Structures are given as C-alpha cells and as structure tokens.
Amino acid sequence: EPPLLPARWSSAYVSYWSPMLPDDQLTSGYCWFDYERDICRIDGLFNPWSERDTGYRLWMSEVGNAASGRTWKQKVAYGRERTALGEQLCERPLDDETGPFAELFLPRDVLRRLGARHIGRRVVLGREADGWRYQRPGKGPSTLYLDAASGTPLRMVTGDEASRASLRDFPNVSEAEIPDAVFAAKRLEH
Amino acid sequence: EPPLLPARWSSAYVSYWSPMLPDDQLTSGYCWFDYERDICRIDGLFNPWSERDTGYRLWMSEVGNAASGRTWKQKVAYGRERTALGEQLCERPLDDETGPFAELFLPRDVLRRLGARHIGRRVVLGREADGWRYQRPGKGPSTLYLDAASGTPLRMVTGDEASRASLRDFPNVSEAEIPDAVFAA
C-alpha cells in the first residue's frame, strides 16, 4: 500500500524543469503543509512565469485553504527599468487576489487515492528515496520521491521527467508544529 | 532617534542588485530573526553566487547563532549537464559547514549602534517607509527602510544604491512566535 505523507510538513523548496529549456528558471522559496488544518502556503518567485509576455517577474505568497475552499494570494511584480546606472528593478505590489481552492497542492493521501505504484529506489538529495508514480486524471503522470527512512517528501516530478516535467526538491523537511499565524491572510489595498 | 527592530520577525525575502548587471540574479527565500534567542536563519538560493567561477548554483539554509557564536550551513549544489533528453540540472548535497558567527546579519540595535540618520520617507512595497542610512565601519554605507507605522523591515540596501548595492525586500513580515524547531540546526 502506498504511504500517507506526514500529517504536517514544511520545507524550503527548489523549483526547476526537466529538460531545462532556455527560458526555464531555477527558483527557491518556502512551503508549509498542514493536513489537519487542511491548509498550505507557498512563498517564492512564481515558476513558471513569462516575463516576456507580462513585463515582470512575479513574487507570490499563496495561502490555500482546502477546508474553506478559498485561496489568498499576495503578489509583488518586479519590472525592469533603465536609469543612468543601467538596468534597475522596480517593485509594485498587487492587491490581494482570492479564488476557489478545491484541494491542497499535494494532498496527504495522494499516493493512495490516485493508485501510485512503486517504481524503485533513486538517489535523491544524497540518499535513497522511494519513487511513487501515478496518473493525474486528465493531466498526465507524476512521480513523488519520498525519503525511504522517514517518509518525508524529497522530490515532486509533475509530468514525465524523461520528456517534460516540473521538478520541486525539498532539502530540509521539518515535521514540527506550524504556528497558525503562518496561514493567516489580510486585505492588501494599494 | 533611531528605533530598534522588532524583537522577533520573519518574512519572505526577494534579493537583487542595483544596477542589475548581466550575471546578477533575482532570487527569493525566507528568513527568521529572533533577537531574544539571539539567532537567525536564512533559506534560499545563495545570492551572489557565480555559476561561471564555480560551475554550479547553490541553495543554502544557514542558522546563525550569535549567542553561541557559531553558524551551521546546509548546502545543495545545482549543476548543468546535457543528456539525450536535453539540458538538465543535477543536484548534489554538499557537506554541512560550521564556523564562527559573531553577530546576526541584521542586529536588532543596528541603527542605534551604528548611528543611523533618517534620510526621509520613501514608498517601498506600496508602504510609507522611513529610510535610515548608516556606515558599516570599514565596509560601506547601508540604508534600511522600516515601515513608518509598524517599524518592521521593508528593504535593506547594502552598499551605495547609486553605484552598486544589494537590495533585499521583505514583503510579508510577521512578528509571530517562532518555534524552537526553526532554529534547531
């Protein structure tokens, strides 16, 4: 039987792509998943985000509350300008955005509910990890690599890594209690 | 009269440069400062880090304990390779590093102790901010922008913004309690 994810976990993340196409970015941030509260949070430069199409790079903090079914997003745009010194970045916050949020980005029981199959051990972040491969119905395959000893997430592959996939690595997972203020939202009217 | 920073604060950060030169990076991460414990933590892609000089990009989590005078750094390298499936990144954890750590990256009393002067108000991250400019002895100037209402950090400028400086923005500062586990190292 596939395992459940930890009841609560938080970690830095590193987000990138396989293969790395020329516009693909390597970014970092922090994330928190609390399955008992049924809420998650992700803070970092949004990946993927087309600066060419939009005119800016986006930083975002998102609190996705699956219990209430609503997400809250705090966004800051970083756009390029030209000055006497050369190129400069200018920050511009956006008003907070809200919308529907039907499930957490990585549900605790995802491997059980989607019928994941074990595809062997892989060295991920310096130790053996269990690979669990499953189909996201109507979307495509995913593989979640879990630390073989602790069961904590190490790498989330969304898509087929041998063709085209997002990779997210979790180098320092903690199962410690998460203060509820981590998941608080507020109105930001600019 | 320069204020103290909040007794405890944590925030996402966005790190970049003025001006942005071709190899300069815009990066993000998260940080925590607990001045009563006398400890801080920063997690993110290391900025600045020359992939040209080194051959890789570096992710790091550092817990700097000014009470004990020691820091602990966890490191993961990301290097480029080319396979039959295309260009790829390969990760490699590095050995943990420990070393001396004589003060926090942003001491609570930095503005008072280094004799900062108020250089005026500025809008930073859509908020009214007070700019406090000071000299880091034997290094160069810095300007710290604090929210004019809450006193929380909004932007740290390290160096002269009009020549060459690092900028770090703090979009979502929280003064909430920080669990012990955040600083366990």
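Because only heavy atoms are used, hydrogens play no part in the values below, and waters and symmetry mates are left out as well, while side chains stay in. In what follows, chains carry the letters A, B, and so on, assigned in the order in which the sequence lines appear, proteins first and then strands, with residues in each chain numbered from 1.
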- Query: So does B:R8 pair up with B:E36, basic N to acidic O under 4.0 Å?
  - Reply: no

- Query: Side chains of A:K139 and A:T158: closer than 4.5 Å at any heavy-atom pair?
  - Reply: no

- With the 4.5 Å side-chain cut-off for hydrophobic clustering, are A:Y13 and A:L5 part of the same group? yes

- Task: Determine whether the side chains of A:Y16 and A:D169 contain a donor N or O and an acceptor N or O closer than 3.5 Å.
- Result: yes

- From the list A:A184, A:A84, A:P171, A:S61, the residue making the most non-hydrogen contacts under 4.5 Å with chain B is A:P171

- Interface moiety of B:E161 toward chain A, non-hydrogen atoms closer than 4.5 Å: backbone

- Item | Residues B:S18 and A:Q88: side-chain donor-acceptor under 3.5 angstrom | yes

- Per-residue contact mode, A:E91 against chain B (heavy atom under 4.5 angstrom): side chain

- Residue B:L26 versus chain A: region with a heavy atom under 4.5 Å: both

- Message: Counting heavy-atom pairs under 4.5 Å with chain A, which one of B:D180, B:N172, B:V76 comes out on top?
- Response: B:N172

- Message: What part of A:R155 gets within 4.5 angstrom of chain B, counting heavy atoms only: side chain, backbone, both, or neither?
- Response: side chain

- Message: As an exercise: rank B:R164, B:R92, B:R41, B:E177 by heavy-atom pairs under 4.5 Å with chain A and give me the winner.
- Response: B:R41

- For A:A181, is it the side chain, the backbone, both, or neither that has a heavy atom closer than 4.5 Å to a heavy atom of chain B? side chain

- chain B contact via A:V182 - which portion, at a heavy-atom distance below 4.5 Å: neither

- Task: Determine the option with the most heavy-atom pairs under 4.5 angstrom with chain B, choosing from A:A162, A:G29, A:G126.
- Result: A:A162

- Query: Which bit of B:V123 comes within less than 4.5 Å of chain A, counting heavy atoms only: side chain, backbone, both or neither?
  - Reply: backbone

- Can you say whether B:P93 sits under 4.5 Å from chain A via the side chain, the backbone, both, or neither, judging by heavy atoms? side chain

- Message: Would you say A:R122 and A:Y145 are linked by a side-chain donor-acceptor pair, where the criterion is simply a distance under 3.5 Å?
- Response: no

- Picking from A:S163, A:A176, A:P179, A:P22, which has the most non-hydrogen pairs under 4.5 angstrom with chain B? A:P179

- Decide yes or no for A:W49 and A:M60: does some side-chain heavy atom of the first lie under 4.5 Å from some side-chain heavy atom of the second? no

- Mind checking whether B:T152 and B:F170 have side chains closer than 4.5 Å, heavy atoms only? no

- Item | Within-4.5 Å side-chain heavy-atom neighbours: B:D160 and B:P141 | yes

